[PDB]
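According to PDB author numbering, the sequence shown is numbered sequentially starting from 18.
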Amino acid sequence: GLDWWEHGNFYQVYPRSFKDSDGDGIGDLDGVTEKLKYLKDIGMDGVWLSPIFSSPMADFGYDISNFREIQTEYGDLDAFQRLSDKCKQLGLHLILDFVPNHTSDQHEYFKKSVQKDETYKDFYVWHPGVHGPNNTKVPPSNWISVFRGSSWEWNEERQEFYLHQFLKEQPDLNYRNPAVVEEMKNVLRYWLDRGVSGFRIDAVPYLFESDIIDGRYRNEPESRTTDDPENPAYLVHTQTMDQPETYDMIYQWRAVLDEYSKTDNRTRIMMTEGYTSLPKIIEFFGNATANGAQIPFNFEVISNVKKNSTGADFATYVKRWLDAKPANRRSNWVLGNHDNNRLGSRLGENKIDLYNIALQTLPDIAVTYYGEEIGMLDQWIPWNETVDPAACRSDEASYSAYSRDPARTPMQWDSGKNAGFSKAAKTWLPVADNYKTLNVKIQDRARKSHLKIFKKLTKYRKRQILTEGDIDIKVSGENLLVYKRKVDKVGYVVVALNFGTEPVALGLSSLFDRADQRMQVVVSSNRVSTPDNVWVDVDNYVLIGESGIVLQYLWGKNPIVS
Ligand SMILES: *[C@@H]1O[C@H](CO)[C@@H](O)[C@H](O)[C@H]1NC(C)=O
Ligand SMILES: [Ca+2]
Ligand SMILES: [Ca+2]
Ligand SMILES: [Cl-]
Ligand SMILES: [Cl-]
Ligand SMILES: [Cl-]
Ligand SMILES: [Cl-]
């Protein structure tokens with residue numbers, strides 16, 4: 018008897034790009050609500066929305082000026098309630114994006130902090146630095162912002178530097194201040210009171226920095242993986258990431274969630290965005306005395322799998338996650354989000370179905386970034402139309418290395434105007450040029466298509482074998498990854514993923530003891546010609562390049578487990 022989330026399908030909506038409902042070219046809450054039934058029909062359980070709160074959009078919602086307010090163009094609190102009520106009818110859990118690390122520099126708390134307001138003077142991390150030789154100002158430490166340059170920003174009015182781990186428009190909250198601690202968990206209660214099933218928590222590794230010692234902040238040592246001192250990777254982040262107090266606060270936040278779970282037998286869940294080392298990701302699950310996040314994102318895989326990764330490479334990172342995961346915790350698999358190039362563009366357009374197969378058939382929790390289920394691809398956007406500050410802080414020659422906008426374009430619903438995302442003359446980001454032939458409606462009608470493969474996976478994974486089965490991973494050569502998932506007296510599933518360009522015979526008898534000369538085809542990559550439901554020889558079947566196949570053998574019935 019699993020809790021709702023343990024084998025859950027989670028879908029990330031980027032609200033600005035999901036569905037426009039009021040003709041301004043901007044996705045909004047009412048637009049999401051129109052589309053929640055679609056999300057249920059493709060097998061989703063939990064819907065996570067990126068920042069919908071009041072924010073000047075310097076970082077497109079991650080710079081929040083009021084954590085208790087819906088941003089105007091997205092809607093109002095009624096629009097939120099209708100979204101929440103619709104989720105409840107459909108049996109979907111709503112997950113909101115919680116951004117504790119920083120506020121907008123337009124937040125009232127920050128404006129008052131700059132003025133040394135007695136209540137807000139210490140809401141942020143301020144330090145004067147030191148005046149140096151030749152009347153120069155030395156910042157309080159050598160720390161580098163994730164968006165490049167110093168993470169200390171001088172404020173003339175206050176005559177101090179404030180800490181910004183992200184943009185200078187995003188001042189870091191001082192979680193050593195108890196007033197800040199209390200205020201931010203009341204933000205969680207505010208939304209828990211309004212019905213949400215949990216939160217995805219932004220930038221968890223960066224919450225606490227180390228404290229002052231003898232009036233100074235400690236510098237960080239050079240990493241020697243780059244010579245560029247404006248690049249955050251220039252330093253080893255011994256002082257600005259992975260601090261022990263960070264984990265303490267995650268656990269405090271989970272306790273607030275647990276207060277609400279006791280109320281009504283509906284587990285509030287926590288997801289955490291942590292681009293950090295695998296052991297420091299794992300620590301977010303919890304420790305001996307305290308639970309943390311049920312879903313600290315498996316960014317071990319996403320950060321290390323590349324376009325030229327082999328099947329062996331993919332297996333290495335999958336196995337590394339599994340070897341490090343504590344037995345009492347659930348895995349999750351994620352290969353896309355709003356900060357990465359779209360999966361097909363990033364990892365190889367031919368592998369869209371291979372990777373959707375992996376994401377959906379590996380154990381426990383599967384994550385989908387909006388559009389991955391139809392195989393959306395990045396859209397190149399001109400410098401003049403790009404809005405992502407990570408691009409605009411670069412230059413016309415080279416903003417495409419940095420820009421996240423190509424992965425944030427409007428969802429492609431149909432072949433009509435703006436791919437059916439909006440009736441407006443212009444959309445906030447351009448619709449991808451491929452939209453007439455890549456959209457939900459066209460894939461819905463096709464015999465085989467990414468969406469039909471996707472839908473087959475999200476349904477099939479909810480049966481007993483893929484819900485309850487173990488996992489046994491084997492690699493043949495450099496590029497044939499195969500894994501078996503078995504439930505005794507029920508059956509077993511074999512996933513075979515061919516990352517290489519050459520076709521290959523599965524040769525399963527030389528990989529598992531397990532016989533059954535023949536297995537039944539459940540689903541396969543778009544280019545595989547083998548019809549569904551036929552039987553194939555597990556030794557001689559040839560899997561074409563860059564393709565995957567899901568194979569089944571039943572001893573008993575394999576029911577949907579609800
Ligand atoms: C794969 O690509 C990366 C980055 O583009 C490169 O550094 C690496 O050498 C490539 N691997 C091979 C085997 O060429
Ligand atoms: Ca709109
Ligand atoms: Ca911080
Ligand atoms: Cl519209
Ligand atoms: Cl857990
Ligand atoms: Cl099925
Ligand atoms: Cl048979």
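All C-beta atoms in this analysis are idealised placements derived from N, C-alpha and C, irrespective of residue type, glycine included.
Measuring from the CB of residue 476, is there a heavy atom of ligand 6 at a distance below 7 Å? For residue 476, the shortest C-beta to heavy atom distance toward ligand 6 is below 7 Å.
By Cβ distance, which residues of its chain are closer than 7 Å to residue 436, with the 5 residues on each side in sequence left out? Excluding residues within five positions, the ones whose Cβ falls inside 7 Å are 427, 429, 430, 448, 452, 456.
Helix, strand or coil at residue 489 according to DSSP, with G and I counted as helix: DSSP, reduced to helix, strand and coil, places residue 489 within a strand of the structure shown.
Say yes only if the C-beta of residue 323 is nearer than 7 Å to one or more non-hydrogen atoms of ligand 1, and no if none qualify. Yes - ligand 1 has a heavy atom lying nearer than 7 Å to the Cβ of residue 323.
According to DSSP, is residue 297 part of a helix, a strand, or is it coil? Residue 297 falls in the helix class under three-state DSSP.
Determine the DSSP secondary structure at residue 114, reduced to helix, strand or coil. Note: residue 114 maps to strand in three-state DSSP.
For the region 182-200 against the region 112-127, do three or more pairs of beta-carbon atoms, one drawn from each stretch, fall closer than 8 Å, so that the two count as touching? With a cut-off of 8 Å on Cβ pairs, the region 182-200 is in contact with the region 112-127, counting three or more such pairs.
In angstroms with no decimal places, state the Cα-to-Cα distance between residue 481 and residue 53. Answer to the nearest angstrom: the Cα atoms are 26 Å apart.
Distance between residue 384 and residue 213 (C-alpha atoms, nearest Å): Straight-line spacing of the CA atoms in residue 213 and residue 384 works out to 19 Å.
Let's see if you can read the secondary structure: which residues bound the beta strand (DSSP E) around residue 127? Counting along the chain, residue 127 falls outside any beta strand (DSSP E), though it belongs to the alpha helix (DSSP H) covering 125-131.
Limits of the unbroken alpha helix (DSSP H) element including residue 33: Element bounds for residue 33: 32-35.
Give the list of continuous alpha helix (DSSP H) stretches no shorter than 4 residues that lie fully inside the region 309-363. Those alpha helix (DSSP H) runs which fall completely within the region 309-363 and span 4+ residues are 316-321, 328-341.
Per DSSP, the bridge partner or partners of residue 553: 536.
Measuring only the C-alpha atoms, how far is residue 97 from residue 438? The straight-line gap from Cα to Cα measures roughly 19 Å.
Indicate whether the contact test is met: 3 or more Cβ pairs, each with one atom in the region 235-242 and one in the region 193-210, closer than 8 Å. At 8 Å Cβ cutoff, the stretches do not touch.
Quick one, which of 158, 200, 247 has its alpha-carbon nearest residue 230's? For residue 230, the nearest C-alpha among the options comes from 158.
Beta-carbon within less than 6 Å of residue 171's beta-carbon, same chain only, minus the 5 sequence neighbours each way: which residues are those? Once the five neighbours on either side are set aside, the close Cβ partners of residue 171 are 178.
Using a 10 Å radius around the Cβ and a threshold of 16 neighbouring Cβ atoms, would you call residue 403 buried or exposed? Buried: at least 16 other Cβ atoms inside 10 Å.
According to DSSP, what are the bridge partners of residue 155? Answer is 147, bridged to residue 155.
Can you confirm whether the region 63-81 touches the region 469-479 when touching is taken to mean that 3 or more C-beta pairs between the two stretches lie within less than 8 Å? No, because fewer than three Cβ pairs between the region 469-479 and the region 63-81 fall closer than 8 Å, the two stretches do not touch.
Where does residue 101 sit, in a helix, a strand or coil, going by DSSP? DSSP, read as helix, strand or coil, puts residue 101 in helix.
Just to check my reading of the structure: residue 568 and residue 536 have Cβ atoms closer than 8 Å, yes? What is that Cβ distance to the nearest angstrom? Residue 536 and residue 568 do touch by the CB rule: their CB atoms are close to 4 Å apart, below 8 Å.
Given the structure, does residue 311 come close to ligand 5, in the sense that its CB is under 7 Å from one of the ligand's heavy atoms? Yes, the beta carbon of residue 311 sits closer than 7 Å to at least one heavy atom of ligand 5.
Quick one: what's got a C-beta closer than 6 Å to residue 217's C-beta in the same chain, skipping five residues either side? Within the same chain, residue 217 has close Cβ partners 65, 112, 114, 288.
Among the candidates 504, 494, 477, 495, whose CA atom is the shortest distance from the CA of residue 488? Comparing Cα positions, the closest option is 504.
For the alpha helix (DSSP H) holding residue 276, just list the boundary residues, first then last. First-last of the alpha helix (DSSP H) with residue 276: 261-281.
Quick one: what's got a C-beta closer than 8 Å to residue 467's C-beta in the same chain, skipping five residues either side? Cβ within range, chain order: 369, 370, 373, 390, 391, 392, 460, 543.
Could you tell me if the beta carbon of residue 531 falls within a distance shorter than 7 Å of some heavy atom in ligand 7? No, Cβ of residue 531 sits at least 7 Å from all heavy atoms of ligand 7.
Within a Cβ cutoff of 8 Å, which residues of the same chain sit near residue 292, ignoring the five residues on either side of it in sequence? Once the five neighbours on either side are set aside, the close Cβ partners of residue 292 are 222, 316, 320.
Boundaries (first-last residue) of the beta strand (DSSP E) holding residue 495: Premise fails: residue 495 is in no beta strand (DSSP E) and is neither H nor E.
In or out: residue 150 buried (at least 16 other Cβ within 10 Å) or exposed? With fewer than 16 neighbouring CB atoms inside 10 Å of its own CB, residue 150 falls in the exposed class.
Taking contact to mean 3 or more Cβ pairs, one atom from each stretch, closer than 8 Å, check whether the region 324-332 and the region 503-520 are in contact. The way I'd put it, the region 324-332 does touch the region 503-520; three or more beta-carbon pairs between them come closer than 8 Å.
In DSSP terms, what residue 513 is bridged to: 499, 566.
Cα-Cα separation between residue 102 and residue 265, rounded to whole angstroms: Roughly 33 Å separates the two Cα atoms.
Which residue's Cα is closest to the Cα of residue 433: 424, 458, 414? Comparing alpha carbon positions, the residue from 424, 458, 414 closest to residue 433 is 458.
What number of angstroms, rounded off, separates the C-alpha of residue 29 from the C-alpha of residue 109? Near 13 Å, if we compare the C-alpha coordinates of residue 109 and residue 29.
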